[PDB]
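Novice: Let me start by giving you these chains from the complex, positioned as in the assembled structure:
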Amino acid sequence: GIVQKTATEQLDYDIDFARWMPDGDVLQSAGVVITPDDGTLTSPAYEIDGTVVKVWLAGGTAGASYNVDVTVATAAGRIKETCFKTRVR
Amino acid sequence: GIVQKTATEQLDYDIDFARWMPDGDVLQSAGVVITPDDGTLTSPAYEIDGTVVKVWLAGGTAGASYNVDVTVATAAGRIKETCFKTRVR
Amino acid sequence: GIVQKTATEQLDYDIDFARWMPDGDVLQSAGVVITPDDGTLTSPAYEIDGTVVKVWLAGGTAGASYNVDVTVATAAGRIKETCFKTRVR
Amino acid sequence: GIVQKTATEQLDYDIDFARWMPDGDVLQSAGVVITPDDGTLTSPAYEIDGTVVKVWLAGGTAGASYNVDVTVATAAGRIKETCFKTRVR
Amino acid sequence: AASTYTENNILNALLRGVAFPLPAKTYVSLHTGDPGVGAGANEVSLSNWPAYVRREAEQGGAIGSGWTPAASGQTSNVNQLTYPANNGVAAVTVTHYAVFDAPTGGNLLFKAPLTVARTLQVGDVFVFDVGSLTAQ
């Protein structure tokens, strides 16, 4: 439940799992889904490093509020979903 | 006696019985029944460890609040049931 | 966005991106583009030093509101833009 | 960015650039242009010493407030102009 | 934004039937002013930038890998172009780049000004990242 601002650029926009991560487990997998995948807002790449998922955002035009969803796995098997909206300038 | 939120993810969803346990009894058996009889919100398996019933929920479609009740057997012969409502996002 | 004043001169007009750089990002390439582009208000060159982009502006017309935006790249792939408005006197 | 009073007298009329000088640049060239194009309020000569442009004013007839603007070149390539209005008594 | 050499060659190839030259390798250079757009250019930055060697495109591939397969036009620099660091003396201002067949001389394929006027300081790289130098 967070909102981001972009116009035409590729931006870092990292998310951390310090609070939610239950106990001493390590993140795997991870994925990105953007509702207007049809629209120019593509997802360039996704990266994991030390329990922080690095999601790059390509960006798009206009004033539409694009939705990006991140789904992450865990070693024990718990699956956490987090969705946040990136509002393009 | 609480509420859970999920969309499609799998979670541990622990339940603790330290409050109710009369004296050192070893929990056995244990079972969960789901109000939606649809087969939605299936529960894959439950782990009974240290008076904590670890009941997992695969998840369910749509936005109907699915209810699951947990029944436990104890060595002395005491049986108790607890029902909590899980809301699928 | 900031407000800028010039009449017929060229000056430095440094623009700062350092606060955004996390660690070891080397600002490279980068380009500045103006909307009322042709003739009128032209950037003779820009310097890069210490992540501080210094965009020189040759000078606008009589009293029109000219804005120009600087785009900066990084070898990490991140892109960022800031548009500062220059009010020619 | 100030105002001067004179009747027929010749004055030093110094201008100081310590406030604007970025870093130790040596002022060169320097020039002044007079708004009355009459040739009235001629400026005999200017001395450039220690980032202080010593621009002299011979003076002008009547009571029209003559305006003169000073343009300076710098070694790094920065050019700035300052205009101040001189009132002949 | 095309040289006299490329125009004559392509017009001959398309209409008259003359054979078309095949450049062995593609070299990119920098220009302080606009190229004269004819054969040769005015001028390359040399003796102020002692390291100015034209970074050969597709440094690894033999041929046909420097530029992406054109589709309804469009071309792009496949391999990142990194220029040697400036040795010293005076700063040089770079606005126009030229596509050259040979390391020196050897015709001028494209002449296109950079969208932004840029100068090179005492120590800098002036990189051309992937997807730059797009030409239709």
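Specialist: Thanks, I have it. Residues are numbered from 1 along each chain as shown, chains lettered A, B, ... in the order given.

Novice: Excluding chain neighbours, what is closest to residue E:136?
Specialist: Nearest in space to residue E:136, with sequence neighbours left out and distances taken as C-beta to C-beta, 6 or more residues apart in numbering or on different chains, is residue E:73 at 3.7 Å. (Each C-beta comes from the backbone N, C-alpha and C, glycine too.)

Novice: Tell me how far the one you found lies from residue E:66.
Specialist: In this structure, residue E:73 and residue E:66 are separated by 17 Å, where distance is defined by C-beta to C-beta, to the nearest Å.

Novice: Looking at the two, which is more packed in?
Specialist: Looking at residue E:73 and residue E:66 with other C-beta atoms under 10 Å in any protein chain shown, you find the greater number of neighbours at residue E:66, namely 22 against 8.

Novice: Tell me how many other residues surround whichever residue of chain A sits closest to chain E.
Specialist: With C-beta to the nearest C-beta as the measure, the residue in chain A that lies nearest chain E is residue A:10; the distance is 11.8 Å. Taking other C-beta under 10 Å as the criterion, the count of residues near residue A:10 is 19.

Novice: Leaving out the residues flanking it, which one is nearest to it?
Specialist: For residue A:10, the closest residue by C-beta to C-beta, 6+ apart turns out to be residue C:79, at 4.6 Å.

Novice: How many residues are close by the one you found?
Specialist: Other residues near residue C:79 come to 19 when the count uses other C-beta under 10 Å.

Novice: coming back round to it: close enough to count as contact, the residue of chain A closest to chain E and residue A:57?
Specialist: Yes: Residue A:10 is within contact range of residue A:57, at 6.8 Å (criterion: C-beta atoms under 8 Å).

Novice: okay, now chain F:
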Amino acid sequence: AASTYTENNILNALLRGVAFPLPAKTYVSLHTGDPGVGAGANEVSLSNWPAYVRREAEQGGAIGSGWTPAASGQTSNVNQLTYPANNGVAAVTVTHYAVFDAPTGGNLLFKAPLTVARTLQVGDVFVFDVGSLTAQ
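Specialist: Chain F added:
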């Protein structure tokens, strides 16, 4: 004002190093509608001109007689073009001419508008006077 085939091939020849396919002979043709830019044209005029063979340029020479050799670009029809006369039916409106590699299909080299839209009545020759159909 150039075709997708020709622009793709010019870019490939200039950048990739792909050998340039060469038109063995250049054929000029007319179309009532605007040609696409792609392979083929939209549309060729037949069943209204039973005599509409795509009149070849460079009637005499085998190769290289189609156009004057390009100097700083530009070419012109060394040879006059005299199209077969209109045969009948009704008057046919002609607005666009296209250069063709083959008598039928076989890519579309150039697609360019006529300076003026000439409409042809029942019996007309529609000649190209020497000095038209310049290409850059």
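
Novice: Touching, residue E:103 and residue E:29? I think so.
Specialist: No: at 9.2 Å, residue E:103 does not count as touching residue E:29 under the criterion of C-beta under 8 Å.

Novice: Neighbour count for those two, which is higher?
Specialist: Neighbours per residue (other C-beta under 10 Å) separate residue E:103 from residue E:29, with residue E:29 holding more: 22 against 12.

Novice: does any part of the helix or strand containing that one sit near chain F?
Specialist: Per DSSP states H and E: residue E:29 is located in strand E:27-31. No: if you take C-beta under 8 Å from any C-beta of the partner chain as the test, strand E:27-31 misses chain F, and the best it gets is 11.5 Å.

Novice: If you count contacts, what does that strand end up packed against?
Specialist: In terms of contacts (3 or more C-beta pairs under 8 Å, 6 or more residues apart in numbering or on different chains; DSSP states H and E), strand E:27-31 is packed against strand E:92-100.

Novice: Can you list the buried residues in the strand it packs on?
Specialist: Buried positions in strand E:92-100, judged by neighbour count with 16 or more other C-beta atoms under 10 Å in any protein chain shown: E:92, E:94-100.

Novice: Let me know the closest of these to residue C:21.
Specialist: Nearest to residue C:21, judged by C-beta to C-beta, of those is residue E:94 at 24.1 Å.

Novice: show me what contacts residue 17?
Specialist: Reading this off chain A. Listed by C-beta atoms under 8 Å, 6 or more residues apart in numbering or on different chains, the contact set of residue A:17 reads A:27, A:51-53, A:72, A:80.

Novice: wait, chain E
Specialist: F:22-26, F:63-64, F:66.

Novice: Cool, thanks, talk later.
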